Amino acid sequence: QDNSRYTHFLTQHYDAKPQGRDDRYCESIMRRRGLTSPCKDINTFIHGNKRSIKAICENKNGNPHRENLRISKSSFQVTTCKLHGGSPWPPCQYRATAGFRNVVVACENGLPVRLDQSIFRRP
């Protein structure tokens, strides 16, 4: 149930076990999560379990980062979906970059609520 900022973060940025990690996967998941109206230019999904992501908000799996962000201690499997072409309007074609990296989040009440998306602009 999507009734919190935490849960909405999961809807936007969490996919436990990605079926594949290619361009087709991106097109499909971006649509399924409601990020193709208008087409979001870049979005990153974090894989694996949820508790590893939550733990970024505490010393268990996070460190302070910049003014009030958190950076993970562990690395995460992630897939970044990059809008192909300029257009803000469907069909939204996407290119996937599968990666393994540290995640930065903004936390509220011990829960991640926002991803620093710009860190995934570069492969």
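All residue numbers are counted from 1 along the displayed sequence.
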property: Segment of higher mean CA temperature factor, 65 to 73 or 82 to 90; result: 82 to 90
property: Position of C107 among the chain's modelled residues by C-alpha B-factor, lowest, middle or highest third; result: highest
property: Where the record places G48 (Cα B-factor, split into thirds across the chain); result: lowest
property: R101, C-alpha B-factor rank within chain (lowest, middle or highest third); result: middle
property: Assigned third (lowest, middle, highest) for the C-alpha B factor of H13; result: lowest
property: For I56, the third of its chain into which the C-alpha B factor falls; result: lowest
